[PDB]
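Peer 1: After the structure tokens below, expect a handful of questions from me.
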Amino acid sequence: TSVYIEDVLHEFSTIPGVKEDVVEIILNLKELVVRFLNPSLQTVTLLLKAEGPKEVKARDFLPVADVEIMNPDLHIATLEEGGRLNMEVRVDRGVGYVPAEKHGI
Amino acid sequence: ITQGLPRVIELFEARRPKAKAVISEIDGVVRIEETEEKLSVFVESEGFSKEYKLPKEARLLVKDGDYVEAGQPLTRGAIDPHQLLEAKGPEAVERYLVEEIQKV
Amino acid sequence: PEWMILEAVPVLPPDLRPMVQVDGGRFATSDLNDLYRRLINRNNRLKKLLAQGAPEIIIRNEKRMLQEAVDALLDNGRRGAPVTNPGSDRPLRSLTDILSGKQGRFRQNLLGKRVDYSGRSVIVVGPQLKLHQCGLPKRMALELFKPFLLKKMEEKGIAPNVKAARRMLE
Amino acid sequence: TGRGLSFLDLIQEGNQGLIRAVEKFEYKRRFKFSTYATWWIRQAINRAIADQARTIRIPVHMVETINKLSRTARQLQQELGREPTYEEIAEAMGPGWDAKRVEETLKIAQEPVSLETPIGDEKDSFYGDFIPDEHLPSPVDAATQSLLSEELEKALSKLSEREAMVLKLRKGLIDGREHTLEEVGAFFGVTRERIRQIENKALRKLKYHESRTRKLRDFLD
Amino acid sequence: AXXXXXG
Amino acid sequence: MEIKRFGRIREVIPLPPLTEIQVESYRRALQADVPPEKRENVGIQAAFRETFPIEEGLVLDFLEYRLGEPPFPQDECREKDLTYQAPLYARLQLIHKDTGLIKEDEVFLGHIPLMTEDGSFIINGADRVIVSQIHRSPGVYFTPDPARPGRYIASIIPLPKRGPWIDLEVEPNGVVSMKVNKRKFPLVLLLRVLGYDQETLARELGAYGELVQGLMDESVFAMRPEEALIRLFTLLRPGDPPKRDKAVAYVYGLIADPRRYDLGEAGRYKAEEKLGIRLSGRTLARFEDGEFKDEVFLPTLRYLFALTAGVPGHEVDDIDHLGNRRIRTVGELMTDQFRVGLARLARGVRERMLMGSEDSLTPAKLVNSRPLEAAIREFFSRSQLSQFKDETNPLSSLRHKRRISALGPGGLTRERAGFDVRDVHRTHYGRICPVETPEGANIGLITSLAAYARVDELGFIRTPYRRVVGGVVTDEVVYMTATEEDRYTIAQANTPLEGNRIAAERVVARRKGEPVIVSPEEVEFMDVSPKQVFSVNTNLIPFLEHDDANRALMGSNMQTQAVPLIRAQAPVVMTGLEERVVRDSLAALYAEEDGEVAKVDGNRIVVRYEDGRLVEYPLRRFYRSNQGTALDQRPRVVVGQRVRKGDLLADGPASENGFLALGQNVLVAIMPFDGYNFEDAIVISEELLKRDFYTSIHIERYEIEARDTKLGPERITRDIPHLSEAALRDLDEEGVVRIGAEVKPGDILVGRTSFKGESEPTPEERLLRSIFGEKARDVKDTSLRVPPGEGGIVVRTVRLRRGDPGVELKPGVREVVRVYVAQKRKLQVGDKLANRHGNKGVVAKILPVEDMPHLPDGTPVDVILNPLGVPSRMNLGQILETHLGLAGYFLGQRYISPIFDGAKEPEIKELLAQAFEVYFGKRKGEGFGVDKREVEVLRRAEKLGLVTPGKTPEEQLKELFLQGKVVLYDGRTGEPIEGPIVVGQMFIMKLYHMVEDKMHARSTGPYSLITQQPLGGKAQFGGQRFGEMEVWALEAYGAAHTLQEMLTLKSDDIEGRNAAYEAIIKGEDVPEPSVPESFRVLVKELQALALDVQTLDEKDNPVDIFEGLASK
Amino acid sequence: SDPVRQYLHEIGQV
Amino acid sequence: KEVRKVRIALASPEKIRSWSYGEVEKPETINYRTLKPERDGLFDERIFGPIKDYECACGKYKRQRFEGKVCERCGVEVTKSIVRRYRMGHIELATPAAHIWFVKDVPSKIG
DNA sequence: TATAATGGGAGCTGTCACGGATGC
DNA sequence: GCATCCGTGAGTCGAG
Ligand SMILES: [Mg+2]
Ligand SMILES: [Zn+2]
């Protein structure tokens, strides 16, 4: 439901050392499948910290208790020498299709 | 093969056509006189006769020796509404304009 | 009949031929002012040339120019070359021009007008609609019905008053 | 020609010059007439150009200053290979001239533009069609002033006749002018101190009622 | 450019 | 994925550079790379050579010129609202004839706009395109006299603004007449001026008996060249004194003066070829050794008489023939205006030469560059041919640069434009596209240059063909004009070939446009490709041969309007032209040489080439185009990747891996759906929004100025009167909204305060003031706010101030602030979608996925298109596209199907068979047999005669699948559609017409000054026009009060509209209307015409509508 | 017709 | 009274002068420095009326209480500014000039 | 304020059909 | 009586 990236003010921006723009990064993060174990848990903020050269995958997210990524091979970003990516991505429970415009989270 | 919008406008503006048909100003009987070089059609009443000189290639709507009404077309083509007015009067012109416009 | 000659040329009220400061502080104005200025310059020069006892050729030229000035004012381009502003080929817009034509006063502002409480948008098929109905977008309606909406907002607790409701819809 | 006046106008003004030259001529000097005439002719033509050429008229000395500024800037641009800044023009104009003076001189020199200026490749759009009227009050503004007056009356009706009338006199709701204390005091037949006091208590009651009903708050923007 | 809106 | 391509036709040559028509033209005009002494007599050099030398004794002469480097780069010019340009210096020398004194200096003439690499210009920060003009080529023409048959008109036409058209006609009275500047005079007079003796004219024109007798006039031959000259001068100039030198001057300037009278080089050539003569200069005559000598006149007269007589080898001219119509490109137009400005500069020079001091005059003092500068600037700003560049997608720019216009200066006006000039002439073949033109008033007047078409040095459009000798087709390619093409028999490009030899007993060819069946012995030439017949746009329509031309036009035009999508994809069915378009448009970034990629970044790609050098390419990122479409480049390569020459480094807008991507490939079913696709409306799946199909980025620019006033300065600040901190929340310290903030209508982008207009507070305001005890502030809130219906994220702020380095604004302006706001637009209801075949529609409904028709395997369709749009429209290309699209869906491949050399039904059937195996056999292995619903649908289709009886369910399903039809399930029921439905992949684009831009509404708002009627347009918050016809509608309904409201209460009745608004907010019914203000304006404007207009009552007594305010 | 021409004529008289 | 008929007719010089609230003797529009209207110019408040509601040019009388009052100093009537779209001015010609409508419209009415 | 100077300068050319006013 | 001149017309929103 949300993405914060360090030194990124909005979706329309690019990051030094990263091939993908933020629109593409979010497009990739939109394919992320996150399984919750505990039924009581509404939301999780996945923390990611990485630097290049490397190809950052969904597996690179720091593990959380009772949280399983069902697609660790999912591509996130392409990082280059000097390229640095720091993200906090909010994943929520929910139903149906709720556009970014509507929830504004 | 339709005349269309310019025909409609021709009628509504009451314009004298360049396609203009020649009409009889009076009643009478048709006497056609055609030299190979030149063609003419006469309309003969009891009192007096009138002469219409037209190009030899014009299509005649008349058979020789026929009695024609005043304003009746001698030749094909659209009728000049004003000529039809002076000849056959207002009702004739109203009928003509209405029917003509409706054709299109 | 002699009233078809002008001894005294009327002058339109200034608000109908405005001199207005636009957004950037620059000035924009009607051509009628330039026409009137030509007229007044030539007339004044005529009075001074008369008072000073000028030769006949000069006075003749001046009078001719005065008539042509009046012509340009009333109907421009009617007789002779149309008067244009310096550094432009655009004819100045005279009173006749203002009145007639598709852009003229009658057709543009009189037989038709731009109106309030109006809007426009793209159309989309209505298959669920009953014959007497149309789908109207919410926001369009909010704007079109706006005063009614202020009133109804005041009729309820939605706003203390009309102005509060409007400031709320801002 | 091309200086803002028609050929015929230049000719006529030049003719005025010719007349001046005729009345001022001295044949004793043995100079031909054309020599003395030319001076006055050029004089009249140039005076005409300076006086008539602008929809917004500018004094002749100021027109001279503006044209001088133009020539200065043009020479400066001719040696600079580009349009000069305000500072460079100010330098070339001499002492007394700074960037601000050049800038304001260029500002006052600006000529108006036509309202009939065409917009778009068609003939159907005037530049003046995009210009709103700021003078006449909008329906919203008018209605707001109306509701304001009605509400002010509503509030003044919670006072008495005298204090409401004193307030209407002092604030100018009656004849539109604002009366002094001595005028309302001589009108109601009391001291200026007294009328000032009843004005004070009037305003005070209005303040209390306003804090109470919050009715006149929204008209304060 | 007009007709039914190509351009 | 695999790209399979069809067609047997091998194109010998590739497409020429598509922007060359702009680039080479302007380059030719400037000659910047050519050292001055090597320059030719063409271009701006030509203009210099025509203007100079300037005489009358001082003489100013022209040595050479030079163009400096641009003071600023293109980008910086775009941001600072500058013009990309180079300084133009001219080396001049003043020579006093008597003194012998020569003063030489290089003077600065100002700047000239430089054309960019892609063939566009930057004028005041905005990209513009100079559109090529088409017109009648100069020369000597012979046309039938419309009135009198047997008689002809000989017209001598020079270049535009190059001097008068001259007509020659044989009059009913027998004498030959000449028309110049609307003056009819006997030609024999001018003939005498040229010094023609009656004997020479007799021996020359004697071959034609009747006519030359009509030429003979003894009163003319009794004169002398001088006397005849002065006679002609008196004829052309009534009242003007007939001085000898003045007559010589006038006639020379009218005919022999090269500076006043110019036939083009093309006019020269055409005159020479037509009249069978040789021209010395470009004029109709010369002044040599003191007298005049004839060039064009006698040959013209000879030809005219010969045509009138019936002499063989003399024909009239087709003025619409593309041999007689040429093109004026950027270079010629710009050069023309340059010539004009130069002429003005020259006038000024002669002025100063007469007036200035005789002892010291430098060229610098003589030359005022201003008029020239003005001419150039005027051309690049206010010209009709100088157009705002269309950058919507790269193809839009590319196509815009290739446009041809019959309009503009020296061109047609739409009133003078009849059917003939708007026709598709046979000669348009290979030159001007028969397909792509506007639908409306400009139809046939605005056209497009064909793909292989080229404009020669003379300005004639040439198309390539191939030499055919003895039935053998060479690789030699020859570009001919229409005149040259008329001389040959040219075979079609599809004539069967074995090797380089034509094998058919009969071949289809053209002779002067006429289709003819000839033997291979008769074939002189052969077409390069079907592509050459159409434009770049039309060439992007696959299965074009299956589409009626009328819809091809629409598909063509609409591709221009395609919005770049974030997810944009190349078509599943391409034409083969998709890459060249991307390349030529300079949209994509490519590798310069063979090399290795050093660095890859969102902002940068660094490549190391064979030279060992490190070349860094910055990527344009989220830049706003003229149309507000986002133009951004994304890297398509990776670190360490080896790249050969011409390899793709980065994709620009609307480009997927180097292929043009104008839209999405979506899965369509062609069926009616519950009236939601009624009348071209379109139904889409919400699944398209979910996966961000048809989502596009748009950037809008807002601008505010703070200037010095007489009431005190405006200023940009965070301190805004009567505003809470909630409103200033996103405003920075200086008062400008901060980057990254989200703005909605009503939000402040930039805070600004302005000193109040002088006013005495109304007693209401004073009393309220005293009551609340708050001092009235002397400044008010002028801040720039987000207009209604707009908003987004602020991606940029630009702040320029007076007193800042490198910054100087227009006088009085203290500071300027711009705010760039980006918005991500999802597809929504009312947005315009279209395919390449002319099928356009607005999205009327977005269903959730469960409501969508779906395949038996559970796959929902993306889009539902109504079949009712097909038959009347006759564009079947979209159907074929769908069928093939189906195959490539299951085979997972894309196709290239060249126009007129295509994929054919049987091949598509094969692919559909393979695809069917993929689509079905999978199911059969998965342990599922044929469905009951499938059985029912099979029975239905069996009744329709779609499948053969007796075959197994699988066999029949395959039979349907080969017809491109599949069983489809209703998502709402689960019961199948009774018939099998056509389903497949189609390429659909989101057009620039978006309801978000078009939706507008107003209650009240700004009014006009004079008329007091509402302003027009969304941007002005204007009212809709209720025009004469809307009024007629209300009259026809007999609704008098609705109408009267339109005319009064809702528009120009001041008291009425005010009282109406107040009445409505109060809840009262609206008050009775009053006099509309514009009627008062009418009365007062008629008074200014000295006509008294009086409103009267039934007593014939005056009524005052001005209520005493106008009467003393 | 042309005022300038006309005036130049009237001038050309004297 | 209710408007019934509308008449149009020639205007006599006397009528035209009766319309006029003053003669415009100068081509001037507004002053370059002040941006106020110039005396005896096309925009003059003395002739065509006040620019501001119930306020004269010099600012001697700023209020509605004075109505029809004319300032002695600036000569400007205090009234509604709306009248600036209503009140006509005039220009007295030295030589009478023909109205081109009654000349150039064929057949010429004067002719 | 004084040598003498003495008739301008672009046109813009591919519609059309009418109606009504002058000219053989 | 009939050629030829001149003047005047030549679609609607929308945006620019
Ligand atoms: Mg200085
Ligand atoms: Zn005063």
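By order of appearance in the structure tokens: chains A, B, ..., then residues from 1 within every chain, and ligands from 1 in the order shown.
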For residue 12 of chain I, list every protein, DNA or RNA residue within 8 Å, evaluated using only C-alpha atoms (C1' of nucleotides), and leave out those in the same chain fewer than 4 positions away; present the list as a JSON list (two decimals) with C-alpha atoms, in the first residue's frame.
Peer 2:
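Full text of part36.json as output:
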```json
[["chain", "number", "residue", "atom", "x", "y", "z"],
["F", 160, "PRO", "CA", 5.75, 34.98, -54.96],
["F", 161, "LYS", "CA", 6.47, 38.64, -54.08],
["F", 164, "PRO", "CA", 3.50, 40.75, -61.31],
["F", 410, "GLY", "CA", 1.69, 33.44, -51.26]]
```
Peer 1: So which residues are near ligand 1, meaning at most 9 Å away with only C-alpha atoms (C1' of nucleotides) and all ligand atoms counted, given back as a PyMOL selection string?
Peer 2: chain D and resi 87-99
Peer 1: Using backbone DSSP assignments, extract all helix (DSSP H, G or I) residues from segment 14-79 of chain F; output them as a PDB file with N, CA, C and O atoms, in the first residue's frame.
Peer 2:
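As written to disk, result25.pdb reads:
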```
ATOM      1  N   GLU F  20      14.908  14.956 -43.612  1.00  0.00           N
ATOM      2  CA  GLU F  20      15.843  15.608 -44.532  1.00  0.00           C
ATOM      3  C   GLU F  20      15.241  16.834 -45.217  1.00  0.00           C
ATOM      4  O   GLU F  20      15.962  17.785 -45.547  1.00  0.00           O
ATOM      5  N   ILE F  21      13.924  16.808 -45.415  1.00  0.00           N
ATOM      6  CA  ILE F  21      13.220  17.892 -46.081  1.00  0.00           C
ATOM      7  C   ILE F  21      13.389  19.204 -45.323  1.00  0.00           C
ATOM      8  O   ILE F  21      13.444  20.276 -45.926  1.00  0.00           O
ATOM      9  N   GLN F  22      13.446  19.121 -43.997  1.00  0.00           N
ATOM     10  CA  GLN F  22      13.752  20.280 -43.171  1.00  0.00           C
ATOM     11  C   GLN F  22      15.256  20.551 -43.106  1.00  0.00           C
ATOM     12  O   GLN F  22      15.730  21.662 -43.400  1.00  0.00           O
ATOM     13  N   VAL F  23      16.004  19.501 -42.771  1.00  0.00           N
ATOM     14  CA  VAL F  23      17.407  19.640 -42.393  1.00  0.00           C
ATOM     15  C   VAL F  23      18.272  20.134 -43.540  1.00  0.00           C
ATOM     16  O   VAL F  23      18.966  21.142 -43.409  1.00  0.00           O
ATOM     17  N   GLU F  24      18.219  19.431 -44.665  1.00  0.00           N
ATOM     18  CA  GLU F  24      19.054  19.786 -45.803  1.00  0.00           C
ATOM     19  C   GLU F  24      18.640  21.124 -46.393  1.00  0.00           C
ATOM     20  O   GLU F  24      19.468  21.861 -46.915  1.00  0.00           O
ATOM     21  N   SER F  25      17.353  21.433 -46.297  1.00  0.00           N
ATOM     22  CA  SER F  25      16.845  22.716 -46.754  1.00  0.00           C
ATOM     23  C   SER F  25      17.486  23.856 -45.976  1.00  0.00           C
ATOM     24  O   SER F  25      18.091  24.767 -46.560  1.00  0.00           O
ATOM     25  N   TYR F  26      17.361  23.805 -44.653  1.00  0.00           N
ATOM     26  CA  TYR F  26      17.891  24.887 -43.837  1.00  0.00           C
ATOM     27  C   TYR F  26      19.413  24.958 -43.913  1.00  0.00           C
ATOM     28  O   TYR F  26      19.983  26.048 -43.996  1.00  0.00           O
ATOM     29  N   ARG F  27      20.066  23.798 -43.889  1.00  0.00           N
ATOM     30  CA  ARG F  27      21.518  23.734 -44.039  1.00  0.00           C
ATOM     31  C   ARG F  27      21.960  24.389 -45.343  1.00  0.00           C
ATOM     32  O   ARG F  27      22.929  25.148 -45.370  1.00  0.00           O
ATOM     33  N   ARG F  28      21.236  24.100 -46.419  1.00  0.00           N
ATOM     34  CA  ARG F  28      21.502  24.707 -47.719  1.00  0.00           C
ATOM     35  C   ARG F  28      21.321  26.222 -47.664  1.00  0.00           C
ATOM     36  O   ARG F  28      22.066  26.971 -48.298  1.00  0.00           O
ATOM     37  N   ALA F  29      20.326  26.670 -46.904  1.00  0.00           N
ATOM     38  CA  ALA F  29      20.046  28.100 -46.792  1.00  0.00           C
ATOM     39  C   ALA F  29      21.122  28.864 -46.019  1.00  0.00           C
ATOM     40  O   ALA F  29      21.480  29.982 -46.386  1.00  0.00           O
ATOM     41  N   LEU F  30      21.621  28.267 -44.940  1.00  0.00           N
ATOM     42  CA  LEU F  30      22.610  28.930 -44.090  1.00  0.00           C
ATOM     43  C   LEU F  30      24.046  28.858 -44.619  1.00  0.00           C
ATOM     44  O   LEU F  30      24.780  29.848 -44.567  1.00  0.00           O
ATOM     45  N   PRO F  36      33.315  31.119 -46.512  1.00  0.00           N
ATOM     46  CA  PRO F  36      32.608  32.208 -47.195  1.00  0.00           C
ATOM     47  C   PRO F  36      32.901  32.330 -48.690  1.00  0.00           C
ATOM     48  O   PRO F  36      31.978  32.555 -49.474  1.00  0.00           O
ATOM     49  N   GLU F  37      34.161  32.174 -49.079  1.00  0.00           N
ATOM     50  CA  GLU F  37      34.547  32.336 -50.475  1.00  0.00           C
ATOM     51  C   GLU F  37      34.023  31.192 -51.345  1.00  0.00           C
ATOM     52  O   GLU F  37      33.924  31.324 -52.565  1.00  0.00           O
ATOM     53  N   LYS F  38      33.688  30.070 -50.715  1.00  0.00           N
ATOM     54  CA  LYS F  38      33.200  28.896 -51.434  1.00  0.00           C
ATOM     55  C   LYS F  38      31.673  28.828 -51.474  1.00  0.00           C
ATOM     56  O   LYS F  38      31.100  27.909 -52.059  1.00  0.00           O
ATOM     57  N   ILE F  44      20.798  32.708 -47.898  1.00  0.00           N
ATOM     58  CA  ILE F  44      20.883  34.065 -47.364  1.00  0.00           C
ATOM     59  C   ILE F  44      22.000  34.843 -48.059  1.00  0.00           C
ATOM     60  O   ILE F  44      21.967  36.079 -48.129  1.00  0.00           O
ATOM     61  N   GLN F  45      22.977  34.107 -48.585  1.00  0.00           N
ATOM     62  CA  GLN F  45      24.037  34.698 -49.390  1.00  0.00           C
ATOM     63  C   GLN F  45      23.411  35.367 -50.606  1.00  0.00           C
ATOM     64  O   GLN F  45      23.794  36.476 -50.975  1.00  0.00           O
ATOM     65  N   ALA F  46      22.436  34.690 -51.211  1.00  0.00           N
ATOM     66  CA  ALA F  46      21.691  35.236 -52.345  1.00  0.00           C
ATOM     67  C   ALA F  46      21.034  36.559 -51.988  1.00  0.00           C
ATOM     68  O   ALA F  46      21.061  37.502 -52.772  1.00  0.00           O
ATOM     69  N   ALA F  47      20.434  36.612 -50.803  1.00  0.00           N
ATOM     70  CA  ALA F  47      19.750  37.811 -50.342  1.00  0.00           C
ATOM     71  C   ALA F  47      20.740  38.953 -50.158  1.00  0.00           C
ATOM     72  O   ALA F  47      20.455  40.098 -50.522  1.00  0.00           O
ATOM     73  N   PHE F  48      21.904  38.638 -49.593  1.00  0.00           N
ATOM     74  CA  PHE F  48      22.966  39.632 -49.462  1.00  0.00           C
ATOM     75  C   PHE F  48      23.387  40.158 -50.832  1.00  0.00           C
ATOM     76  O   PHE F  48      23.582  41.358 -51.016  1.00  0.00           O
ATOM     77  N   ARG F  49      23.516  39.246 -51.790  1.00  0.00           N
ATOM     78  CA  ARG F  49      23.982  39.592 -53.126  1.00  0.00           C
ATOM     79  C   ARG F  49      22.947  40.388 -53.914  1.00  0.00           C
ATOM     80  O   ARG F  49      23.294  41.150 -54.816  1.00  0.00           O
ATOM     81  N   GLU F  50      21.678  40.198 -53.584  1.00  0.00           N
ATOM     82  CA  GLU F  50      20.605  40.944 -54.227  1.00  0.00           C
ATOM     83  C   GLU F  50      20.467  42.333 -53.621  1.00  0.00           C
ATOM     84  O   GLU F  50      20.248  43.309 -54.337  1.00  0.00           O
ATOM     85  N   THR F  51      20.592  42.420 -52.300  1.00  0.00           N
ATOM     86  CA  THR F  51      20.460  43.702 -51.618  1.00  0.00           C
ATOM     87  C   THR F  51      21.624  44.631 -51.960  1.00  0.00           C
ATOM     88  O   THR F  51      21.421  45.775 -52.377  1.00  0.00           O
ATOM     89  N   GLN F  74      20.540  24.378 -26.527  1.00  0.00           N
ATOM     90  CA  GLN F  74      19.105  24.221 -26.768  1.00  0.00           C
ATOM     91  C   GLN F  74      18.266  24.098 -25.493  1.00  0.00           C
ATOM     92  O   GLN F  74      17.223  24.744 -25.354  1.00  0.00           O
ATOM     93  N   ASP F  75      18.730  23.260 -24.572  1.00  0.00           N
ATOM     94  CA  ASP F  75      18.048  23.040 -23.300  1.00  0.00           C
ATOM     95  C   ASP F  75      17.903  24.338 -22.506  1.00  0.00           C
ATOM     96  O   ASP F  75      16.802  24.702 -22.069  1.00  0.00           O
ATOM     97  N   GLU F  76      19.021  25.034 -22.335  1.00  0.00           N
ATOM     98  CA  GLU F  76      19.046  26.296 -21.609  1.00  0.00           C
ATOM     99  C   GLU F  76      18.109  27.314 -22.258  1.00  0.00           C
ATOM    100  O   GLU F  76      17.490  28.128 -21.574  1.00  0.00           O
ATOM    101  N   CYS F  77      17.997  27.249 -23.581  1.00  0.00           N
ATOM    102  CA  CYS F  77      17.083  28.120 -24.308  1.00  0.00           C
ATOM    103  C   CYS F  77      15.641  27.749 -24.003  1.00  0.00           C
ATOM    104  O   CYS F  77      14.779  28.620 -23.888  1.00  0.00           O
ATOM    105  N   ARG F  78      15.379  26.451 -23.873  1.00  0.00           N
ATOM    106  CA  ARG F  78      14.036  25.984 -23.544  1.00  0.00           C
ATOM    107  C   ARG F  78      13.612  26.437 -22.150  1.00  0.00           C
ATOM    108  O   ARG F  78      12.469  26.853 -21.947  1.00  0.00           O
ATOM    109  N   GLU F  79      14.535  26.359 -21.193  1.00  0.00           N
ATOM    110  CA  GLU F  79      14.216  26.720 -19.811  1.00  0.00           C
ATOM    111  C   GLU F  79      14.069  28.226 -19.605  1.00  0.00           C
ATOM    112  O   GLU F  79      13.137  28.682 -18.942  1.00  0.00           O
TER     113      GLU F  79
END
```
Peer 1: Could you pull the residues within 12 Å of residue 12 of chain J, counting only C-alpha atoms (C1' of nucleotides), minus those fewer than 5 positions along the same chain, as a ChimeraX atom specification?
Peer 2: /E:2-3 /F:1025-1030
Peer 1: Could you pull out the residues sitting within 8 Å of ligand 2, using only C-alpha atoms (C1' of nucleotides) and all ligand atoms, and write them as number ranges by chain?
Peer 2: H: 55-61, 70-77
Peer 1: Store the residues picked out above in a file with N, CA and C atoms, as a JSON list (two decimals), in the first residue's frame.
Peer 2:
```
[["chain", "number", "residue", "atom", "x", "y", "z"],
["H", 55, "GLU", "N", -16.82, 59.53, -7.04],
["H", 55, "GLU", "CA", -15.56, 60.17, -6.68],
["H", 55, "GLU", "C", -14.95, 60.93, -7.85],
["H", 56, "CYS", "N", -14.67, 62.21, -7.65],
["H", 56, "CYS", "CA", -14.12, 63.04, -8.71],
["H", 56, "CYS", "C", -12.63, 62.76, -8.92],
["H", 57, "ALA", "N", -12.04, 63.44, -9.89],
["H", 57, "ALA", "CA", -10.66, 63.20, -10.27],
["H", 57, "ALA", "C", -9.66, 63.65, -9.21],
["H", 58, "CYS", "N", -9.87, 64.86, -8.69],
["H", 58, "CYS", "CA", -8.96, 65.42, -7.69],
["H", 58, "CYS", "C", -9.19, 64.79, -6.32],
["H", 59, "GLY", "N", -10.38, 64.23, -6.12],
["H", 59, "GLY", "CA", -10.71, 63.58, -4.87],
["H", 59, "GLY", "C", -11.27, 64.52, -3.82],
["H", 60, "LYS", "N", -11.90, 65.60, -4.26],
["H", 60, "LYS", "CA", -12.51, 66.55, -3.34],
["H", 60, "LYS", "C", -13.82, 66.01, -2.75],
["H", 61, "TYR", "N", -14.64, 65.37, -3.59],
["H", 61, "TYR", "CA", -15.86, 64.74, -3.11],
["H", 61, "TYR", "C", -15.81, 63.25, -3.40],
["H", 70, "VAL", "N", -20.86, 68.87, -9.26],
["H", 70, "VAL", "CA", -19.66, 68.93, -10.08],
["H", 70, "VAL", "C", -18.55, 69.65, -9.33],
["H", 71, "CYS", "N", -17.40, 69.00, -9.23],
["H", 71, "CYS", "CA", -16.26, 69.58, -8.54],
["H", 71, "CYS", "C", -15.80, 70.85, -9.24],
["H", 72, "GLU", "N", -15.41, 71.84, -8.45],
["H", 72, "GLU", "CA", -14.91, 73.10, -8.99],
["H", 72, "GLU", "C", -13.47, 72.94, -9.45],
["H", 73, "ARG", "N", -12.70, 72.19, -8.69],
["H", 73, "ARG", "CA", -11.28, 72.02, -8.97],
["H", 73, "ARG", "C", -10.99, 71.16, -10.21],
["H", 74, "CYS", "N", -11.53, 69.93, -10.23],
["H", 74, "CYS", "CA", -11.30, 69.02, -11.36],
["H", 74, "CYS", "C", -12.42, 68.96, -12.41],
["H", 75, "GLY", "N", -13.53, 69.65, -12.17],
["H", 75, "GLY", "CA", -14.64, 69.68, -13.11],
["H", 75, "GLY", "C", -15.39, 68.37, -13.33],
["H", 76, "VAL", "N", -15.14, 67.38, -12.48],
["H", 76, "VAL", "CA", -15.72, 66.05, -12.64],
["H", 76, "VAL", "C", -17.00, 65.85, -11.82],
["H", 77, "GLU", "N", -18.07, 65.44, -12.49],
["H", 77, "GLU", "CA", -19.32, 65.13, -11.79],
["H", 77, "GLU", "C", -19.15, 63.90, -10.91]]
```
